[PDB]
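Take a look at the structure set out below.
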Number of protein chains: 12
Amino acid sequence: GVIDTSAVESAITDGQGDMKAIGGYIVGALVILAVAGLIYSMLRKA
Amino acid sequence: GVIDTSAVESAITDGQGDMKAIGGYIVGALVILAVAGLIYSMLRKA
Amino acid sequence: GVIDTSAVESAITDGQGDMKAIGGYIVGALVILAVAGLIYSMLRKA
Amino acid sequence: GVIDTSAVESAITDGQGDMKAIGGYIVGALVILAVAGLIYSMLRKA
Amino acid sequence: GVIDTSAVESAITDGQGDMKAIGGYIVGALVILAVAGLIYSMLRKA
Amino acid sequence: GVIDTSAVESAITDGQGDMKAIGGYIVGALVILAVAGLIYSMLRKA
Amino acid sequence: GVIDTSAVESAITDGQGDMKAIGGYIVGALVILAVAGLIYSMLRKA
Amino acid sequence: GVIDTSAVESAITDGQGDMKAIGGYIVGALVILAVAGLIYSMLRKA
Amino acid sequence: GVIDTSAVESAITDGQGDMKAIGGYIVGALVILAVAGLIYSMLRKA
Amino acid sequence: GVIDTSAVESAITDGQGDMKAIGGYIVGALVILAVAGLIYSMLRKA
Amino acid sequence: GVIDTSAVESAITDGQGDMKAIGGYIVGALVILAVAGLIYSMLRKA
Amino acid sequence: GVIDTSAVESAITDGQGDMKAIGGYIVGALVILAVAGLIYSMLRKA
DNA sequence: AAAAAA
């Protein structure tokens, strides 16, 4: 009496493979305010 | 004194084979609001 | 003893093809508050 | 005067064995926003 | 020994063609509280 | 065999024209806590 | 062979004219928790 | 064919007159954490 | 040809007088999580 | 025509007497991060 | 002309004695996310 | 007239024993940004 | 908001 849920794992494993894609696109934008955070500290201490 | 009910099981086993067909057509539409439910959460947390 | 449910899959596969259309129209509006979320952080840290 | 309900437990034990399958497919997608939640905190504190 | 049911399909195919008309008139009113739902979020985050 | 649904679109197009009216009355009250949010930041930084 | 249904429209047009009366009496009570919802937000942000 | 709904407006106008009473009892308790929020800032800056 | 419905209003006016009794017993339990909701906010801000 | 609701107030007055018990058990745990919040400030200023 | 309803109270007093059993099994699982909610706050404030 | 709820406590006591497992796996990752938070303060003060 | 910054 089953219902075919084969279209579930095919849909959301491709879903969770897309959460990883837009996680790496944020990490690449948070290191901008990490690098610029501490080369401001070099100019101030000088 | 029987009445031929051979046209019953031929009619509703093909009936319950059609309930399964339109059950799988709903599951394929509920995973749309499951995937889009949690890639909205990635954009908000970023 | 079947009932023609051929008008079902023709109606809701075109239905679930429309849920995808208005999912992509929301993702295009959530990245506005993702980009503007972290170019506010550049102005504050400066 | 019983009615054979042997097709019940054969149908829904296979049903509840499928709820477990799509529960583990969600847990694998909620840990994405748990890991990315706190490696954002490392970049901000730096 | 039939009864003419030709006035049935002429009456309810025009009936179900009217359910579609007042379905599209609701969708045009639910996007008002979808758009205004997330331009409130832009003003709050600012 | 139709039923006159001409009183539907006359009733809810005037309905959705009123959702827009009380959406603009909220936007005018959320910019108060947007402007006052960042002229507090000028006084604190001084 | 008709039956006089003139007492129908005289009874329920006055009925639907009363649903409008107690709809406007609820809207006047939901704006209390809309106004007080966002003057709490002014006190918290201060 | 009406039903006397005169006991409705007599019941909920006195209802919405009570929502205002317990709204003003919260505002009097949120200004405590507004005043104490910024006389802590005077002691810290000193 | 009436039927004595004098036992109706004697039964449900005493019924609706009891809905008011267990409404006031809930309001006395929802103010517990209103008071404790915002004296937690005083300890956190300190 | 009443129904005995004497088991209601006996059940939820003992219910709301238990919400007070686990409210005081949280307040005793939020003062830990209030005291330790500002004896960290003494060590830093030294 | 009664019908023996002695099997009613024997069936549902044992029923409501089982609602209490699975209420206490939830309370034991909600305190896990209460304790872990505020020992995360100690690590963040440090 | 009971229903065997013996499969409830066997299922969720093993459930709440798993919430504790993934609570301790987060605490081990929040002390990373507690230790690194204050050995950054040693390098800055030097 | 605190910690960065004075």
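By order in the structure tokens, chains are A, B, ...; within a chain, residues start at 1; ligands start at 1, following the order shown.
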
Return the neighbours of chain E among the residues of chain G, cut-off 12 Å, counting only C-alpha atoms, as a PyMOL selection string. chain G and resi 38+41-42+45

Proximal residues of chain M relative to chain F (only C-alpha atoms (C1' of nucleotides); 12 Å) as JSON, numbers by chain: {"M": [1, 5, 6]}

Those same residues, written as a PDB file, in the first residue's frame with N, CA and C atoms (P, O5', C5', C4', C3', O3' and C1' of nucleotides)?
ATOM      1  P    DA M   1      25.410  48.882  17.055  1.00  0.00           P
ATOM      2  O5'  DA M   1      26.566  48.567  18.106  1.00  0.00           O
ATOM      3  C5'  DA M   1      26.308  47.756  19.268  1.00  0.00           C
ATOM      4  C4'  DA M   1      25.569  48.560  20.312  1.00  0.00           C
ATOM      5  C3'  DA M   1      26.120  48.422  21.732  1.00  0.00           C
ATOM      6  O3'  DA M   1      26.963  49.534  22.047  1.00  0.00           O
ATOM      7  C1'  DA M   1      23.858  47.745  21.702  1.00  0.00           C
ATOM      8  P    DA M   5      40.498  48.758  19.086  1.00  0.00           P
ATOM      9  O5'  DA M   5      40.498  50.059  20.007  1.00  0.00           O
ATOM     10  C5'  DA M   5      39.291  50.813  20.220  1.00  0.00           C
ATOM     11  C4'  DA M   5      38.734  51.291  18.899  1.00  0.00           C
ATOM     12  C3'  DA M   5      38.604  52.808  18.773  1.00  0.00           C
ATOM     13  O3'  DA M   5      39.746  53.349  18.101  1.00  0.00           O
ATOM     14  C1'  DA M   5      36.497  51.810  18.378  1.00  0.00           C
ATOM     15  P    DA M   6      40.794  54.252  18.904  1.00  0.00           P
ATOM     16  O5'  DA M   6      39.870  55.358  19.582  1.00  0.00           O
ATOM     17  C5'  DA M   6      39.924  55.598  21.001  1.00  0.00           C
ATOM     18  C4'  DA M   6      39.093  56.809  21.358  1.00  0.00           C
ATOM     19  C3'  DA M   6      39.455  57.463  22.690  1.00  0.00           C
ATOM     20  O3'  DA M   6      40.342  58.565  22.478  1.00  0.00           O
ATOM     21  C1'  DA M   6      37.162  56.882  22.702  1.00  0.00           C
TER      22       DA M   6
END

Residue neighbourhood residue K:37, 12 Å, only C-alpha atoms (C1' of nucleotides), exclusion window fewer than 5 positions, as a list in words: residues 26, 29 and 30 of chain J; 30, 31, 32, 42, 43 and 44 of chain K; 23, 26 and 27 of chain L

Can you pull out every residue from chain C that DSSP, working from the backbone, puts in helix (DSSP H, G or I), and format the result as a ChimeraX atom specification? /C:6-19,21-30,32-38,40-45

Keeping only N, CA and C atoms, take the residues you just selected and write them out as a compact mmCIF listing (two decimals), in the first residue's frame.
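Once written, result31.txt looks like this:
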# COMPACT_ATOMS: atom_id res chain seq x y z
N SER C 6 -7.13 11.12 -16.55
CA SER C 6 -6.12 11.69 -17.41
C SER C 6 -6.07 13.20 -17.31
N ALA C 7 -7.15 13.84 -16.89
CA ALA C 7 -7.16 15.28 -16.69
C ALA C 7 -6.56 15.69 -15.36
N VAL C 8 -6.04 14.74 -14.58
CA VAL C 8 -5.43 15.08 -13.31
C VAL C 8 -3.97 15.44 -13.50
N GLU C 9 -3.19 14.53 -14.08
CA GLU C 9 -1.77 14.79 -14.27
C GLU C 9 -1.52 15.90 -15.27
N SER C 10 -2.43 16.11 -16.20
CA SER C 10 -2.31 17.25 -17.08
C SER C 10 -2.59 18.55 -16.37
N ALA C 11 -3.26 18.51 -15.23
CA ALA C 11 -3.63 19.73 -14.55
C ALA C 11 -2.65 20.12 -13.47
N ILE C 12 -2.02 19.15 -12.81
CA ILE C 12 -1.20 19.49 -11.66
C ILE C 12 0.29 19.38 -11.93
N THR C 13 0.70 18.72 -13.01
CA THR C 13 2.08 18.87 -13.45
C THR C 13 2.29 20.27 -14.00
N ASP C 14 1.27 20.82 -14.65
CA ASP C 14 1.29 22.24 -14.95
C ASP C 14 1.08 23.08 -13.70
N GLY C 15 0.53 22.50 -12.64
CA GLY C 15 0.44 23.21 -11.38
C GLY C 15 1.78 23.29 -10.68
N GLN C 16 2.49 22.17 -10.59
CA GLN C 16 3.78 22.18 -9.91
C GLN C 16 4.86 22.82 -10.75
N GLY C 17 4.65 22.96 -12.06
CA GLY C 17 5.53 23.78 -12.85
C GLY C 17 5.35 25.26 -12.63
N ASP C 18 4.29 25.66 -11.94
CA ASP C 18 4.07 27.05 -11.61
C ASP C 18 4.51 27.39 -10.20
N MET C 19 4.62 26.40 -9.32
CA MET C 19 5.22 26.64 -8.01
C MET C 19 6.70 26.95 -8.14
N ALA C 21 7.97 28.57 -10.62
CA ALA C 21 8.11 29.89 -11.21
C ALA C 21 8.07 30.97 -10.14
N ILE C 22 7.17 30.83 -9.17
CA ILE C 22 7.08 31.82 -8.10
C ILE C 22 7.95 31.48 -6.92
N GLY C 23 8.80 30.47 -7.03
CA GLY C 23 9.83 30.26 -6.04
C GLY C 23 11.06 31.04 -6.44
N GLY C 24 11.36 31.04 -7.74
CA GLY C 24 12.48 31.81 -8.24
C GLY C 24 12.25 33.30 -8.22
N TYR C 25 11.01 33.73 -8.09
CA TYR C 25 10.72 35.14 -7.98
C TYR C 25 10.86 35.64 -6.56
N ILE C 26 10.98 34.75 -5.59
CA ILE C 26 11.21 35.14 -4.20
C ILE C 26 12.70 35.16 -3.89
N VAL C 27 13.43 34.18 -4.44
CA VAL C 27 14.87 34.10 -4.27
C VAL C 27 15.55 35.34 -4.83
N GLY C 28 15.02 35.86 -5.93
CA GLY C 28 15.50 37.11 -6.46
C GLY C 28 15.20 38.32 -5.61
N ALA C 29 14.33 38.19 -4.62
CA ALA C 29 14.05 39.28 -3.71
C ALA C 29 14.64 39.08 -2.33
N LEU C 30 15.10 37.89 -2.00
CA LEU C 30 15.79 37.70 -0.74
C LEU C 30 17.28 37.99 -0.83
N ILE C 32 18.36 40.63 -2.16
CA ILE C 32 18.49 42.06 -1.97
C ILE C 32 18.82 42.36 -0.52
N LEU C 33 18.17 41.68 0.41
CA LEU C 33 18.49 41.89 1.80
C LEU C 33 19.61 40.99 2.28
N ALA C 34 20.25 40.25 1.38
CA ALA C 34 21.50 39.62 1.75
C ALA C 34 22.69 40.47 1.36
N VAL C 35 22.65 41.07 0.17
CA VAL C 35 23.72 41.95 -0.29
C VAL C 35 23.74 43.22 0.54
N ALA C 36 22.58 43.84 0.73
CA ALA C 36 22.54 45.05 1.53
C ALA C 36 22.77 44.79 3.00
N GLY C 37 22.72 43.54 3.44
CA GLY C 37 23.02 43.25 4.82
C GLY C 37 24.48 43.38 5.15
N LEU C 38 25.35 43.12 4.19
CA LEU C 38 26.77 43.08 4.49
C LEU C 38 27.57 44.13 3.76
N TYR C 40 26.30 47.05 4.50
CA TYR C 40 26.17 47.94 5.64
C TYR C 40 27.27 47.69 6.64
N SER C 41 27.77 46.46 6.70
CA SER C 41 28.83 46.13 7.64
C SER C 41 30.16 46.71 7.22
N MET C 42 30.35 46.97 5.93
CA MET C 42 31.58 47.61 5.50
C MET C 42 31.61 49.07 5.90
N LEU C 43 30.47 49.75 5.79
CA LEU C 43 30.43 51.16 6.16
C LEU C 43 30.55 51.36 7.66
N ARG C 44 30.06 50.42 8.45
CA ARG C 44 30.14 50.60 9.90
C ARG C 44 31.53 50.35 10.42
N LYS C 45 32.25 49.40 9.84
CA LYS C 45 33.57 49.05 10.33
C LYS C 45 34.60 50.10 9.95

Between atom CA of residue A:5 and atom CA of residue C:20, what is the distance, to one decimal in Å?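 Taking atom CA of residue A:5 and atom CA of residue C:20, their separation equals 19.4 Å.
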